[PDB]
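Next comes upload27.cif, with mmCIF, C-alpha atoms.
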```cif
data_target
#
loop_
_atom_site.group_PDB
_atom_site.id
_atom_site.type_symbol
_atom_site.label_atom_id
_atom_site.label_comp_id
_atom_site.auth_asym_id
_atom_site.auth_seq_id
_atom_site.Cartn_x
_atom_site.Cartn_y
_atom_site.Cartn_z
ATOM 1 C CA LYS A 591 9.048 107.860 125.424
ATOM 2 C CA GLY A 592 5.300 108.186 124.631
ATOM 3 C CA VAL A 593 4.520 110.670 127.509
ATOM 4 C CA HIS A 594 4.029 114.465 127.001
ATOM 5 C CA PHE A 595 2.927 117.455 129.143
ATOM 6 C CA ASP A 596 -0.861 117.459 129.944
ATOM 7 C CA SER A 597 -1.191 121.188 129.041
ATOM 8 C CA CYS A 598 0.992 123.643 127.064
ATOM 9 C CA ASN A 599 0.154 127.373 126.806
ATOM 10 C CA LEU A 600 3.135 128.800 124.895
ATOM 11 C CA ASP A 601 1.494 130.304 121.808
ATOM 12 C CA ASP A 602 4.001 133.187 121.033
ATOM 13 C CA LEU A 603 6.419 130.886 119.080
ATOM 14 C CA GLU A 604 8.916 132.304 116.530
ATOM 15 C CA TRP A 605 7.302 130.692 113.418
ATOM 16 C CA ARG A 606 9.006 131.363 109.995
ATOM 17 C CA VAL A 607 8.952 130.422 106.344
ATOM 18 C CA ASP A 608 12.539 129.749 105.143
ATOM 19 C CA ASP A 609 13.830 130.355 101.563
ATOM 20 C CA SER A 610 16.126 127.587 100.212
ATOM 21 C CA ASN A 611 18.576 129.818 98.213
ATOM 22 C CA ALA A 612 19.402 132.492 100.899
ATOM 23 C CA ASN A 613 23.085 131.476 101.396
ATOM 24 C CA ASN A 614 25.224 134.683 101.247
ATOM 25 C CA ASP A 615 23.400 138.010 101.423
ATOM 26 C CA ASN A 616 23.534 139.534 104.943
ATOM 27 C CA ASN A 617 21.458 142.480 103.536
ATOM 28 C CA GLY A 618 18.141 144.026 104.799
ATOM 29 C CA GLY A 619 16.449 143.794 101.342
ATOM 30 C CA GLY A 620 12.640 143.588 100.916
ATOM 31 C CA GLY A 621 12.662 140.288 98.937
ATOM 32 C CA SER A 622 9.832 139.843 96.376
ATOM 33 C CA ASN A 623 6.980 137.728 97.859
ATOM 34 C CA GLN A 624 6.375 136.080 94.428
ATOM 35 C CA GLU A 625 8.960 133.223 94.308
ATOM 36 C CA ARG A 626 7.772 131.313 97.452
ATOM 37 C CA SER A 627 5.529 128.231 97.220
ATOM 38 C CA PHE A 628 4.104 129.017 100.730
ATOM 39 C CA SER A 629 3.129 131.884 103.085
ATOM 40 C CA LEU A 630 2.540 132.017 106.891
ATOM 41 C CA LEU A 631 -1.033 133.201 107.663
ATOM 42 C CA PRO A 632 -1.820 135.988 110.227
ATOM 43 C CA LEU A 633 -3.264 135.084 113.637
ATOM 44 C CA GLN A 634 -6.844 136.434 113.771
ATOM 45 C CA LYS A 635 -7.843 138.695 116.725
ATOM 46 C CA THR A 636 -11.178 136.853 117.062
ATOM 47 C CA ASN A 637 -12.405 135.122 120.284
ATOM 48 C CA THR A 638 -9.794 132.767 121.869
ATOM 49 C CA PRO A 639 -10.102 129.278 120.265
ATOM 50 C CA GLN B 788 28.536 112.266 95.058
ATOM 51 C CA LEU B 789 30.185 114.048 92.073
ATOM 52 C CA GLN B 790 31.608 117.537 92.820
ATOM 53 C CA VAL B 791 33.889 119.942 90.840
ATOM 54 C CA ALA B 792 37.471 119.692 92.164
ATOM 55 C CA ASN B 793 38.328 123.175 93.490
ATOM 56 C CA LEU B 794 42.148 122.781 93.644
ATOM 57 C CA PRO B 795 44.078 125.074 96.042
ATOM 58 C CA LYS B 796 45.984 127.982 94.521
ATOM 59 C CA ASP B 797 49.736 128.034 95.285
ATOM 60 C CA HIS B 798 50.518 128.780 98.986
ATOM 61 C CA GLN B 799 51.933 132.287 98.624
ATOM 62 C CA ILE B 800 53.180 133.680 101.977
ATOM 63 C CA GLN B 801 50.426 134.810 104.411
ATOM 64 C CA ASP B 802 50.859 138.569 104.627
ATOM 65 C CA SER B 803 48.502 139.828 107.417
ATOM 66 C CA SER B 804 47.143 142.840 105.419
ATOM 67 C CA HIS B 805 43.622 143.431 106.907
ATOM 68 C CA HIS B 806 42.437 145.199 103.663
ATOM 69 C CA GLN B 807 42.022 141.746 101.995
ATOM 70 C CA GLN B 808 38.967 141.045 104.261
ATOM 71 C CA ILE B 809 37.103 144.072 102.755
ATOM 72 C CA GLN B 810 37.620 142.923 99.122
ATOM 73 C CA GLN B 811 36.583 139.373 100.190
ATOM 74 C CA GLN B 812 33.284 140.782 101.642
ATOM 75 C CA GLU B 813 32.726 142.958 98.478
ATOM 76 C CA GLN B 814 33.035 139.767 96.361
ATOM 77 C CA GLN B 815 30.865 137.693 98.788
ATOM 78 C CA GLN B 816 28.049 140.334 98.618
ATOM 79 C CA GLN B 817 28.181 140.343 94.761
ATOM 80 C CA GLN B 818 28.167 136.484 94.885
ATOM 81 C CA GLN B 819 25.142 136.486 97.302
ATOM 82 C CA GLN B 820 23.205 138.723 94.840
ATOM 83 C CA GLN B 821 24.331 136.417 91.947
ATOM 84 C CA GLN B 822 23.157 133.313 93.952
ATOM 85 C CA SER B 823 19.576 134.462 93.086
ATOM 86 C CA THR B 824 20.025 134.179 89.238
ATOM 87 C CA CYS B 825 23.200 132.061 88.614
ATOM 88 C CA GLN B 826 21.692 128.879 90.205
ATOM 89 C CA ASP B 827 21.720 126.828 86.936
ATOM 90 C CA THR B 828 25.579 126.906 86.768
ATOM 91 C CA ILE B 829 28.083 124.071 87.514
ATOM 92 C CA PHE B 830 29.357 126.271 90.434
ATOM 93 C CA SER B 831 25.841 125.953 92.034
ATOM 94 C CA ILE B 832 25.730 122.105 92.529
ATOM 95 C CA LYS B 833 23.062 121.211 95.153
ATOM 96 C CA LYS B 834 23.487 117.891 97.082
ATOM 97 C CA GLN B 835 21.586 115.294 94.998
ATOM 98 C CA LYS B 836 19.594 112.267 96.213
#
```
Spell out the structure here as structure tokens.
Amino acid sequence: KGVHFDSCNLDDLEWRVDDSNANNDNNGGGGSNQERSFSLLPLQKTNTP
Amino acid sequence: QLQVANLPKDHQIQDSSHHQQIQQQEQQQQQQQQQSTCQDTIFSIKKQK
């Protein structure tokens, strides 16, 4: 406890925003991107940081 | 916590008629659409602090 890995290159993580009311509807609907407080930003295809 | 007491209905005999699962999913999909707009109701109690 208090030790990590020295290096981690594992950038392709499955990041999401979750919506707090989505309890029932197993339906492929294009939900309106107006009710969320937050949005996940795109990764730029600029030079590697 | 306070919750509404959902009593059981009477235990009528468990007929194994598969068709009941379809009408349960039809009602669950209507309820999942309603869970967008009906959230103010006493049936929508969220676990309080």
task: Write down, as a ChimeraX atom specification, each residue of chain A that has any atom within 8 Å of an atom of chain B, counting only C-alpha atoms.
output: /A:611-616
message: What would the selection look like, as a PyMOL selection string, if the PyMOL selection byres ((chain A and resi 593-608) around 8) were run on the coordinates I just shared?
response: chain A and resi 591-592+609-610+628-630
query: Nearest to residue 831 (chain B) among B:804, B:790, B:799, B:810, with distances taken over only C-alpha atoms: which residue is it?
result: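 Closest to residue 831 (chain B) of all the choices is B:790.
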query: So how far away is CA of residue 827 (chain B) from CA of residue 624 (chain A), in Å?
result: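 Distance between the two atoms: 19.4 Å.
CA of residue 794 (chain B) is found 13.6 Å from CA of residue 830 (chain B).
The space separating CA of residue 808 (chain B) from CA of residue 833 (chain B) comes to 27.0 Å.
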Protein/DNA/RNA residues near (25.9, 114.4, 92.8), cut 8 Å, all atoms listed in the file, as a CSV table (one decimal) with C-alpha atoms, keeping the file's coordinate frame:
```
chain,number,residue,atom,x,y,z
B,788,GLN,CA,28.5,112.3,95.1
B,789,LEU,CA,30.2,114.0,92.1
B,790,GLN,CA,31.6,117.5,92.8
B,832,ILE,CA,25.7,122.1,92.5
B,833,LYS,CA,23.1,121.2,95.2
B,834,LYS,CA,23.5,117.9,97.1
B,835,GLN,CA,21.6,115.3,95.0
B,836,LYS,CA,19.6,112.3,96.2
```
